[PDB]
Amino acid sequence: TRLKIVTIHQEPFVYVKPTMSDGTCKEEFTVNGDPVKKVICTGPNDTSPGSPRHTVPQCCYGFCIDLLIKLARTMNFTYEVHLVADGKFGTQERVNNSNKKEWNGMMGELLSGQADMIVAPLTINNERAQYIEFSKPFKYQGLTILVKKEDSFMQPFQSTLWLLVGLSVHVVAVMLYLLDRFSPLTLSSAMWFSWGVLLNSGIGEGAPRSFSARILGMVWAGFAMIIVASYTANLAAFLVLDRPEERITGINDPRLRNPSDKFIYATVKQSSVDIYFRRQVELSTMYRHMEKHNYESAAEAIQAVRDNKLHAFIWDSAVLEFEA
Amino acid sequence: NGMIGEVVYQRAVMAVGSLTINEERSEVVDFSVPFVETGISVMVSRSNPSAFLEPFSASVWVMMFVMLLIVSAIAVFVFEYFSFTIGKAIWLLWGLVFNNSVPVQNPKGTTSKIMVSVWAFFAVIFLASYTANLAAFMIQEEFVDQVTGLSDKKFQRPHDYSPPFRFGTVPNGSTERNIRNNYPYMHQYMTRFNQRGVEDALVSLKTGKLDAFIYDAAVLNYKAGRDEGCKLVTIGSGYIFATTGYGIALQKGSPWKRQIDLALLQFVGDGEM
Amino acid sequence: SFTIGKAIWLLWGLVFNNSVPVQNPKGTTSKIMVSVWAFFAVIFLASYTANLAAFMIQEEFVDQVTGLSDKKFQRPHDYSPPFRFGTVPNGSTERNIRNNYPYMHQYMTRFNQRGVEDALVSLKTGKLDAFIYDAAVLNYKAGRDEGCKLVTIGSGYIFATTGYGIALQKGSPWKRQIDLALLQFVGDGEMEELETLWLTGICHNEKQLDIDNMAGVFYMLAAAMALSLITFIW
Amino acid sequence: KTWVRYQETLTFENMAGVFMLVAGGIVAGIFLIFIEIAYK
Amino acid sequence: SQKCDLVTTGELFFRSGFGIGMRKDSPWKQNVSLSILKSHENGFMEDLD
Ligand SMILES: *[C@@H]1O[C@H](CO)[C@@H](O[C@@H]2O[C@H](CO)[C@@H](O)[C@H](O)[C@H]2NC(C)=O)[C@H](O)[C@H]1NC(C)=O
Ligand SMILES: *[C@@H]1O[C@H](CO)[C@@H](O[C@@H]2O[C@H](CO)[C@@H](O)[C@H](O)[C@H]2NC(C)=O)[C@H](O)[C@H]1NC(C)=O
Ligand SMILES: *[C@@H]1O[C@H](CO)[C@@H](O[C@@H]2O[C@H](CO)[C@@H](O)[C@H](O)[C@H]2NC(C)=O)[C@H](O)[C@H]1NC(C)=O
Ligand SMILES: *[C@@H]1O[C@H](CO)[C@@H](O[C@@H]2O[C@H](CO)[C@@H](O)[C@H](O)[C@H]2NC(C)=O)[C@H](O)[C@H]1NC(C)=O
Ligand SMILES: *[C@@H]1O[C@H](CO)[C@@H](O[C@@H]2O[C@H](CO)[C@@H](O)[C@H](O)[C@H]2NC(C)=O)[C@H](O)[C@H]1NC(C)=O
Ligand SMILES: *[C@@H]1O[C@H](CO)[C@@H](O)[C@H](O)[C@H]1NC(C)=O
């Protein structure tokens with residue numbers, strides 16, 4: 001009679017967008033002539049440390065929303081989509097009082113009577129099948145590891161010492177020209193000498209009047225050569241010590257049996273994939289490593305792996321194909 | 001068929017021999033603790049600085065000639081505005097790369113020395129990249145394998161590369177079910193490339209009648225320790241592979257099995273295994 | 001023709017060969033000496049680049065003590081600060097030391113301590129340098145350490161790596177049932193759940209451009225400016 | 001078809017940025033040379 | 001002390017007893033042990049070192 005549809009914010013499945021002016025949905029167009037039939041859902045803004053209380057009607061669309069529209073097209077009923085408060089799947093969590101194991105999130109809102117149907121890619125396991133009934137599994141999707149497969153010359157290299165050498169050779173040329181003024185195309189010849197000492201490859205120049213400036217010139221020559229020698233040496237040794245070995249290739253790696261601060265791998269906090277990895281008793285060390293960096297949402301994991309803060313991430317395969 | 005048809009249908013009790021573990025065998029019977037840690041690999045035939053094409057590869061060389069022509073045209077323009085740098089500017093630009101040339105008198109128009117300094121900085125960073133390549137030459141010491149593992153691009157289609165290959169497993173066994181639980185397309189490319197016997201597949205790998213064969217990694221290491229010719233070094237040790245163990249499967253609800261687990265946990269912590 | 005007193009500029013310009021013209025050498029002996037000096041400069045530059053490469057191949061940071069047979073543990077006269085280390089008395093740790101190194105017990109006898117909380121206060125205030133204890137309990141103390149200060153050497157890699165058990169009398173019939181209960185508690189995720197619950201995890205494991213080298217070159221360059229000012233005023 | 005099928009020292013890729021920045025510096029230097037010749 | 005390419009590390013583990021592998025029951029179990037005990041008290045290992 002009135003079904004309270006609950007869902008979780010999945011990125012390819014539940015696209016949530018703020019309204020244009022007041023509670024309206026922009027009827028956007030796809031590339032196949034299909035208009036985006038959004039639904040007016042009611043969703044929160046951030047988490048409990050994020051926002052104190054901000055729940056507004058916004059527009060939900062995507063994959064599972066169109067699947068629910070197809071279900072309403074087949075069977076005739078009424079519904080209204082509401083969002084879950086947190087952003088977690090739901091774990092068999094121990095509560096304080098009476099030592100009881102409880103469920104939260106979508107299951108915690110469904111079993112308490114606040115919801116009517118969970119619309120989510122639900123992971124079928126032993127604990128959730130013995131409590132509520134299921135349907136036909138529509139999605140068949142496996143796991144994979146998102147990694148980062150990626151010579152710092154001027155533009156990828158940081159911009160301190162380039163401008164420092166430029167201002168240094170500017171000040172050196174200015175004070176050599178000032179000593180050429182106060183002797184114990186003159187400026188063009190001084191610039192030619194200053195950029196020919198730095199040239200380091202051969203030039204047809206001469207020797208200026210350096211009765212009290214030959215020391216500054218020889219120290220600048222040795223200074224420029226020791227800078228370019230140290231720069232060449234540490235760029236070459238850096239790209240030698242840059243290791244191409246980056247791949248993990250699944251659950252099976254003896255290097256991950258004894259990891260370090262380089263082999264970084266984690267998962268989404270309170271996920272059913274983490275429950276399945278906790279269930280297998282031979283996955284103790286990898287579970288202890290994945291619990292070090294438990295991430296709330298998938299967008300934070302994408303931002304971390306894009307900014308080279310991660311090295312490996314456990315996630316479903318077709319969603320990462322869409323992200324690729 | 002076999003031992004699963006004997007234990008599940010209650011004609012036999014257990015299987016002391018080797019038996020793989022997957023989802024449906026965890027459903028129909030119960031496995032013991034893993035008394036052995038095994039792995040799988042792929043055995044191939046793998047039978048047995050000259051010249052570098054890394055910096056230019058005959059493509060950037062045209063751009064070198066274009067920049068030589070541009071510097072020569074600018075030198076001719078300065079000489080028209082104003083000393084053998086009319087047609088011999090190629091030698092003057094590419095001769096100041098290796099810093100032991102005769103110093104040619106540059107014009108006083110503040111034109112040649114700036115581009116000589118820019119080309120000199122380009123030569124310094126090019127020598128930096130050249131010494132970096134010569135230092136990174138130390139990183140490799142052997143040739144890489146033809147198949148790095150399951151993550152190879154050859155397993156998509158061997159028409160993408162120039163040699164086509166072939167690979168097979170045991171007919172209707174647990175290896176084919178481990179493939180079909182992971183990749184149906186691997187089973188599709190393996191179905192046309194089947195084989196009959198494991199030792200016959202090894203003879204086919206030796207004589208060239210087979211390119212690849214999927215088998216257990218430790219048994220292939222044992223057979224390569226006794227191999228005649230010693231031309232089989234196993235690619236990897238379970239990095240891009242399944243790497244599963246073996247246990248003892250009894251019926252669902254046997255009270256002896258727990259006690260058997262005790263014996264298994266007696267057989268490990270004393271060096272007996 | 002200025003190589004009477006100005007040979008320093010010519011020679012230390014031919015050290016680097018930064019395209020510094022001086023004169024046209026007509027003497028054969030001078031050209032032979034310049035050629036030998038240039039070959040020496042090339043092999044010296046090759047040795048300098050090899051020294052920088054060999055310095056970069058050396059790793060970033062190492063621990064203070066990277067082994068049980070360290071030369072610090074033999075005698076602290078090898079290094080300038082006299083360090084200190086203590087263990088727990090009336091326990092099996094000192095016996096396992098004396099079963100391996102009674103000389104370690106001899107060096108520990110002068111470096112004794114009272115208790116675990118007293119050694120913790122000594123590590124906080126700075127009255128103790130090192131403390132030999134168990135592996136996972138110090139990991140628990142480091143996970144609850146405010147500021148992630150007290151961190152063990154690695155995570156127990158080059159140590160004995162023993163285990164814990166339940167001691168019973170020789171001839172106990174309950175021992176088989178206790179072994180059954182423990183091996184049931186291990187192989188079901190219940191022990192994993194208890195190790196997830198009763199272990200803390202705040203402090204984690206192991207939380208082209210250089211800074212100081214060109215700074216020291218800048219100090220030598222400031223000295224060169226001072227020398228140039230001295231030669232300019234006189 | 002809506003979401004899943006709908007997709008979007010080698011000196012070829014590493015020094016491609018080197019090639020672009022050096023080409024821009026060459027164009028700017030040639031422009032400064034023509035301005036210097038047209039000025040004096 | 002023979003050559004100049006040897007470094008003895010500080011790992012001194014399993015400080016066992018190097019003695020004489022003896023037989024079964026025999027009257028030379030006590031007298032040989034008393035001779036070794038007499039060899040302990042005097043400078044018998046020291047001069048051989
Ligand atoms: C849509 O709703 C209508 C009722 O308004 C359904 O029509 C009746 O459904 C009942 C279900 O038990 C049948 O017994 C009747 O035979 C139907 N009406 C008559 C008088 O024929 C209809 O089935 C619904 N459609 C769907 C797809 O569920
Ligand atoms: C559950 O109850 C405990 C009290 O039994 C709450 O307080 C925590 O208690 C443990 C010791 O049992 C301390 O280590 C924690 O530091 C305490 N938490 C605090 C105050 O930070 C605990 O907060 C309760 N948790 C829930 C889920 O409400
Ligand atoms: C693949 O499975 C089939 C059974 O489904 C096996 O096929 C049998 O092969 C023998 C070979 O002599 C024939 O005599 C039988 O008539 C076949 N049975 C049929 C037609 O189903 C086959 O053995 C399996 N592959 C193996 C184990 O090599
Ligand atoms: C450790 O045990 C020893 C005994 O083996 C204790 O040493 C003496 O114990 C007696 C009886 O309690 C005292 O009267 C002495 O004063 C103790 N002597 C000292 C200074 O060790 C010792 O107290 C125990 N406690 C420690 C240090 O762990
Ligand atoms: C071996 O040790 C025993 C016990 O100390 C000693 O035996 C004496 O041997 C002499 C041999 O003539 C006898 O006359 C003594 O009566 C023995 N004395 C004892 C105490 O039994 C002696 O020190 C050693 N000699 C042997 C071979 O018996
Ligand atoms: C709430 O959502 C709006 C966008 O609709 C966003 O700009 C804002 O930062 C969020 N935080 C709050 C609680 O205002």
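Per the PDB entry, chain D is named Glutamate receptor ionotropic, NMDA 1, and its organism is Rattus norvegicus. This entry's official PDB title is "Diheteromeric NMDA receptor GluN1/GluN2A in the 'Splayed-Open' conformation, in complex with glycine and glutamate, in the presence of 1 millimolar zinc chloride, and at pH 7.4".

The name given to chain B in the PDB entry is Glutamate receptor ionotropic, NMDA 2A, and the organism recorded there is Rattus norvegicus.

Peer 1: So, the sheet that holds strand β3 (residues 40-44) of chain B: which residues are in play, and what are the values?
Peer 2: Residue and element names in this part refer to chain B. If you trace the three strands from one edge of the open sheet to the other, you get β3-β5-β4, paired in mixed fashion. The open sheet has two edge strands with one neighbour each: β3 and β4 (167-168). Both β4 and strand β5 (residues 212-216) contribute to a ladder of two bridges, which runs parallel. The partner of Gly 168 across the bridge, within β5, is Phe 213. Of the strands in this sheet, β3 and β5 touch helix α8 (residues 198-207), which is tilted by about 140° from β5. Sheet strands touched by helix α9 (residues 217-225): β3 and β5. Its angle to β5, the strand with the most contacts, is close to 105°.

Peer 1: Requested: an account of the environment of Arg 25 of chain B, with residues and values cited.
Peer 2: Assignment of secondary structure puts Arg 25 of chain B in helix α2 (residues 23-28). Considered as a pair, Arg 25 of chain B and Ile 4 of chain B are 21 residues apart in the sequence and their alpha carbons are 8.2 Å apart.

Peer 1: So what's going on with the UniProt feature "intramembrane region" in chain B? Residues and values would help.
Peer 2: Mapped onto this structure's residue numbering, the UniProt feature "intramembrane region" falls at residues 86-100 of chain B. Helix makes up 47% of residues 86-100 of chain B and strand 0%, with an end-to-end C-alpha separation of 21 Å.

Peer 1: A description of unusual backbone geometry should follow, citing residues and the corresponding values.
Peer 2: One can expect most non-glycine residues to show negative phi and most peptide bonds to be in trans. The phi torsion at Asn 308 of chain A lies on the positive side, around 60°, for a residue other than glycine. Mapped onto the elements of the fold, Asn 308 of chain A is located in the loop between α9 (298-306) and β11 (312-316).

Peer 1: For the interface of chain C and chain A, give the residues involved together with the corresponding values.
Peer 2: In this assembly, 33 residues from chain C lie in contact with 46 residues from chain A. Here chain C meets chain A over a buried area of about 3,900 Å², counting both sides, of which 67% is carbon and sulfur. Three residues, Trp 9, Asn 18 and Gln 208 of chain C, lead the burial of chain C against chain A; their summed loss comes to 21% of the area buried on that side. The interface formed by chain C and chain A includes three salt bridges. The tally of links between chain C and chain A comes to 11 residue pairs in polar contact. Sort the elements by how many residues they give to the side of chain C that touches chain A and helix α10 (residues 212-233) of chain C lands first, with seven residues. Looking at the side of chain C that touches chain A residue by residue, the classes come out as 17 nonpolar, 10 polar and six charged.

Peer 1: Can you tell me about the sheet that holds strand β9 (residues 143-146) of chain A, naming the residues and giving the values?
Peer 2: All names here are of chain A. If you trace the three strands from one edge of the open sheet to the other, you get β9-β11-β10, paired in mixed fashion. Edge positions in the open sheet fall to β9 and β10 (265-266), since each of these has one partner strand only. Judged from the four bridges that link them, β9 and β11 form a sheet pairing that is antiparallel. Bridge pairing links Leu 143 to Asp 316 in β11.

Peer 1: So what's going on with the arrangement of the chains? Residues and values would help.
Peer 2: Among six pairs of chains with at least one contact, chains A and C form the most extensive contact set. One thing to see here is that chain C and chain D don't touch, and their nearest C-alpha atoms sit 17 Å from each other.

Peer 1: Tell me what's going on with the site of ligand 1, and back it up with residues and numbers.
Peer 2: All names here are of chain A. Near ligand 1 you find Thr 74, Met 75 and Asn 76, and these make up its full shell. The contact in question runs from an oxygen atom of ligand 1 to an N or O atom on the side chain of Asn 76, over 2.4 Å. Across the complex, the protein chains shield 17% of the 600 Å² of accessible surface that ligand 1 would expose by itself.

Peer 1: I'd like a description of the interface of chain C and chain B, backed by residues and values.
Peer 2: Listed by partner, the interface residues are five residues for chain C and four residues for chain B. Buried surface at the junction of chain C and chain B, summed over both partners, amounts to about 470 Å²; 63% is from carbon and sulfur atoms. Per-residue buried area on chain C facing chain B is highest for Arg 176, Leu 180 and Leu 183 of chain C; these three make up 81% of the total on that side. One can count two residue pairs in polar contact joining chain C with chain B. Class assignment of the residues belonging to the side of chain C that touches chain B gives a composition of three nonpolar, one polar and one charged.

Peer 1: Break down empty space enclosed by the protein for me, with residues and values.
Peer 2: All names here are of chain B. Looking at the largest cavity, its volume works out to about 140 Å³. Looking at the largest cavity, it is lined by 15 residues, and the ones nearest its centre are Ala 75, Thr 85, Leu 92, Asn 106 and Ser 112. Broken down by secondary-structure element, the contributors of at least two residues to the lining of the largest cavity are α3 (61-81), α4 (89-95) and α5 (112-136). Here the element with the most residues in the lining of the largest cavity is α3; it accounts for four residues. Here the residues of the lining of the largest cavity are counted per class, giving 11 nonpolar, four polar and no charged.

Peer 1: Give me the lowdown on a negative patch on the surface, citing residues and values where you can.
Peer 2: A cluster of acidic residues, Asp 261 of chain A together with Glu 59, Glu 60, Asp 63 and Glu 206 of chain C, forms a negative patch on the protein surface. You can see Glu 60 of chain C is positioned in the loop between α2 (28-57) and α3 (71-74).

Peer 1: Requested: an account of the pattern of salt bridges, with residues and values cited.
Peer 2: Considering all chains together, one arrives at 20 salt bridges over all chains under this definition. The residue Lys 257 of chain B makes a salt bridge to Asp 261 of chain B at a minimum N-O spacing of 4.0 Å. Pair noted here: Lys 257 of chain B and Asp 261 of chain B are both in helix α10 (residues 256-267), with a separation of four residues, about one helical turn. With relative accessibility at 12%, the residue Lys 257 of chain B sits in the buried group. Owing to a relative accessible area of 16%, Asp 261 of chain B belongs among the buried residues under this scheme. A salt bridge links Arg 114 of chain C to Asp 118 of chain C, with the shortest nitrogen-to-oxygen separation between them at 3.4 Å. Classification of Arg 114 of chain C as exposed rests on a relative accessible area of 69%.

Cut-offs used in this document
- Residues numbered from 1 in each chain as written, not as in the entry; some residues may be left out.
- Chains lettered and ligands numbered in written order.
- Part of a larger assembly, values for the part shown.
- Heavy atoms only, no water.
- Pairing = 2+ DSSP bridges.
- Helix = DSSP H or I, 4+ residues; strand = E, 2+ residues; numbered from the N terminus.
- Contact = heavy atoms within 4.5 Å.
- Axes fitted to C-alpha atoms, helices over the stretch in contact; angles between N-to-C directions.
- UniProt positions renumbered as here; feature names shortened; annotations may be inferred.
- Buried area = accessible area lost by both parts, 1.4 Å probe.
- Salt bridge = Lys/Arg side-chain N within 4 Å of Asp/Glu carboxyl O.
- Polar contact = N/O pair within 3.5 Å; in protein donor to acceptor, adjacent residues only side chain to side chain.
- Nonpolar A, V, L, I, M, F, W, Y, C, P; charged D, E, K, R; others polar.
- Near = heavy atom within 4 Å.
- Areas by Shrake-Rupley, 256 points an atom, 1.4 Å probe, with all protein chains shown as cover.
- 1 Å grid on protein atoms, 1.4 Å probe; cavity = no way out; pocket = protein on both sides within 12 Å on 5 of 7 lines; lining within 4 Å.
- Points joined across faces, edges and corners; volume = space filled by probe spheres on them.
- Patch = residues over 30% accessible without salt bridge, like charges linked within 9 Å, V, L, I, M, F, W, Y side chains within 5 Å.
- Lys, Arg positive; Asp, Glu negative; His and termini not counted.
- Charge placed at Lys NZ, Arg CZ, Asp CG, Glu CD.
- Buried < 20%, exposed > 50% of the residue type's maximum accessible area, 1.4 Å probe, protein only.

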